[PDB]
Amino acid sequence: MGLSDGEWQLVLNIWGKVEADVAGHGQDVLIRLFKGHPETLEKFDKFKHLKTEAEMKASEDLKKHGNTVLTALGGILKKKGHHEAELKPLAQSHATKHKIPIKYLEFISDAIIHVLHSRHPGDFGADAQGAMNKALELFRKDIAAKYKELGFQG
Ligand code: HEM
């Protein structure tokens, strides 16, 4: 499931563009997720009134959470697969506290890739698309393994 040095470079190069506006990207990611898959929004009680993209875009609380999400994922990707320590706390909370079905991680992955297409069409070429998909697939695999280790079957 691993990535070559080349594939990681493609990943970290496009990620570098995300780093110019982590909160903006994070915001757009959660908007895509919540609009494409409303069942995910149901996990955030404090966002229940947010129904339209405009309402979501206007929420600084949602933007702040977007920042929190991509900051954590950024820490993980920069480790190039060597992300045990970063994944431990995240699997623990998401498996045992928030109880986020593993499927929803695939949805947020899709949403991340969508935002990258939206914001960086010049720089997010097909090689970088393939590599990002691989990187997110590794992330999902490793966390899904932790979920089961923790007894979370959702
Ligand atoms: C790339 C995947 C994800 C990353 C990196 C991520 C990261 C985080 C982080 C860092 C936090 C705060 C610390 C913590 O509680 O662990 C958090 C909280 C949370 N996450 Fe995630 N998350 C991801 C996916 C998801 C998805 C897909 C959902 C729901 C469909 C979700 C639901 C939540 C909820 C409900 C909280 C608590 C929010 C609050 O009460 O303020 N997460 N996430």
# chains A, B, ... in the order shown; residues from 1 in each chain; ligands from 1

call {"tool": "residues_near_ligand", "arguments": {"ligand": "ligand 1", "cutoff": "9 Å", "atoms": "only C-alpha atoms and all ligand atoms", "output": "PDB file with C-alpha atoms, in the first residue's frame"}}
result
ATOM      1  CA  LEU A  30     -16.048  20.305   5.047  1.00  0.00           C
ATOM      2  CA  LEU A  33     -18.394  16.769   2.631  1.00  0.00           C
ATOM      3  CA  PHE A  34     -21.523  18.129   4.379  1.00  0.00           C
ATOM      4  CA  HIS A  37     -23.121  13.565   2.349  1.00  0.00           C
ATOM      5  CA  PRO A  38     -25.553  15.219   4.820  1.00  0.00           C
ATOM      6  CA  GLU A  39     -25.337  12.265   7.175  1.00  0.00           C
ATOM      7  CA  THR A  40     -21.830  13.476   8.056  1.00  0.00           C
ATOM      8  CA  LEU A  41     -23.214  16.873   9.174  1.00  0.00           C
ATOM      9  CA  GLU A  42     -25.406  15.029  11.651  1.00  0.00           C
ATOM     10  CA  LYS A  43     -22.180  14.248  13.596  1.00  0.00           C
ATOM     11  CA  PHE A  44     -21.734  18.011  14.348  1.00  0.00           C
ATOM     12  CA  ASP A  45     -24.725  19.151  16.425  1.00  0.00           C
ATOM     13  CA  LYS A  46     -23.490  22.741  16.552  1.00  0.00           C
ATOM     14  CA  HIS A  65     -12.817  23.138  12.315  1.00  0.00           C
ATOM     15  CA  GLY A  66     -11.667  22.888   8.696  1.00  0.00           C
ATOM     16  CA  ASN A  67      -8.347  24.264   9.912  1.00  0.00           C
ATOM     17  CA  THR A  68      -8.165  21.704  12.698  1.00  0.00           C
ATOM     18  CA  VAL A  69      -8.840  18.840  10.273  1.00  0.00           C
ATOM     19  CA  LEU A  70      -6.294  19.739   7.573  1.00  0.00           C
ATOM     20  CA  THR A  71      -3.667  20.704  10.135  1.00  0.00           C
ATOM     21  CA  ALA A  72      -3.910  17.158  11.567  1.00  0.00           C
ATOM     22  CA  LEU A  73      -3.940  15.514   8.127  1.00  0.00           C
ATOM     23  CA  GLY A  74      -1.013  17.691   7.076  1.00  0.00           C
ATOM     24  CA  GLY A  75       0.989  16.447  10.064  1.00  0.00           C
ATOM     25  CA  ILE A  76       0.187  12.921   8.973  1.00  0.00           C
ATOM     26  CA  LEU A  87      -2.725   8.403  13.933  1.00  0.00           C
ATOM     27  CA  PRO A  89      -4.867   9.936  19.088  1.00  0.00           C
ATOM     28  CA  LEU A  90      -6.978  10.495  15.957  1.00  0.00           C
ATOM     29  CA  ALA A  91      -8.106   6.872  15.701  1.00  0.00           C
ATOM     30  CA  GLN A  92      -8.825   6.846  19.448  1.00  0.00           C
ATOM     31  CA  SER A  93     -11.157   9.869  19.370  1.00  0.00           C
ATOM     32  CA  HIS A  94     -12.820   9.036  16.063  1.00  0.00           C
ATOM     33  CA  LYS A  97     -15.604   9.255  21.127  1.00  0.00           C
ATOM     34  CA  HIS A  98     -17.011  10.643  17.868  1.00  0.00           C
ATOM     35  CA  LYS A  99     -17.644   7.117  16.482  1.00  0.00           C
ATOM     36  CA  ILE A 100     -17.132   8.113  12.880  1.00  0.00           C
ATOM     37  CA  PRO A 101     -17.894   5.320  10.449  1.00  0.00           C
ATOM     38  CA  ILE A 102     -14.946   4.326   8.465  1.00  0.00           C
ATOM     39  CA  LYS A 103     -16.907   5.015   5.264  1.00  0.00           C
ATOM     40  CA  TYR A 104     -17.053   8.729   6.118  1.00  0.00           C
ATOM     41  CA  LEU A 105     -13.247   8.847   5.879  1.00  0.00           C
ATOM     42  CA  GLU A 106     -13.618   7.867   2.219  1.00  0.00           C
ATOM     43  CA  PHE A 107     -16.143  10.698   1.761  1.00  0.00           C
ATOM     44  CA  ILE A 108     -13.779  13.303   3.297  1.00  0.00           C
ATOM     45  CA  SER A 109     -10.955  11.888   1.123  1.00  0.00           C
ATOM     46  CA  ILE A 112     -10.143  16.764  -0.269  1.00  0.00           C
ATOM     47  CA  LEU A 136      -5.288   9.057   1.443  1.00  0.00           C
ATOM     48  CA  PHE A 139      -4.264   6.874   5.736  1.00  0.00           C
ATOM     49  CA  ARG A 140      -7.722   5.215   5.587  1.00  0.00           C
TER      50      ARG A 140
END

call {"tool": "residues_around", "arguments": {"residues": "residue A:58", "least_positions_apart": "3", "cutoff": "12 Å", "atoms": "only C-alpha atoms", "output": "list in words"}}
result
residues 24, 27, 28, 31, 47, 50, 51, 52, 53, 54, 55, 61, 62, 63 and 64 of chain A

call {"tool": "closest_residue", "arguments": {"among": "A:96, A:5, A:25, A:86", "to": "residue A:120", "atoms": "only C-alpha atoms"}}
result
A:25

call {"tool": "atom_distance", "arguments": {"atom1": "atom CA of residue A:126", "atom2": "atom CA of residue A:114"}}
result
13.1 Å

call {"tool": "atom_distance", "arguments": {"atom1": "atom CA of residue A:85", "atom2": "atom CA of residue A:124"}}
result
28.7 Å

call {"tool": "residues_around", "arguments": {"residues": "residue A:135", "least_positions_apart": "2", "cutoff": "9 Å", "atoms": "only C-alpha atoms", "output": "ChimeraX atom specification"}}
result
/A:1-3,7-8,11,77,80-81,130-133,137-140

call {"tool": "atom_distance", "arguments": {"atom1": "atom CA of residue A:118", "atom2": "atom CA of residue A:60"}}
result
20.8 Å

call {"tool": "select_by_dssp", "arguments": {"residues": "chain A", "states": "alpha helix (DSSP H)", "output": "ChimeraX atom specification"}}
result
/A:5-18,22-36,38-41,53-57,60-77,84-92,102-119,126-149

call {"tool": "closest_residue", "arguments": {"among": "A:32, A:116, A:153, A:9", "to": "residue A:79", "atoms": "only C-alpha atoms"}}
result
A:9

call {"tool": "residues_around", "arguments": {"residues": "residue A:123", "least_positions_apart": "5", "cutoff": "12 Å", "atoms": "only C-alpha atoms", "output": "list in words"}}
result
residues 10, 11, 13, 14, 15, 16, 17, 18, 116, 117, 118, 128 and 129 of chain A
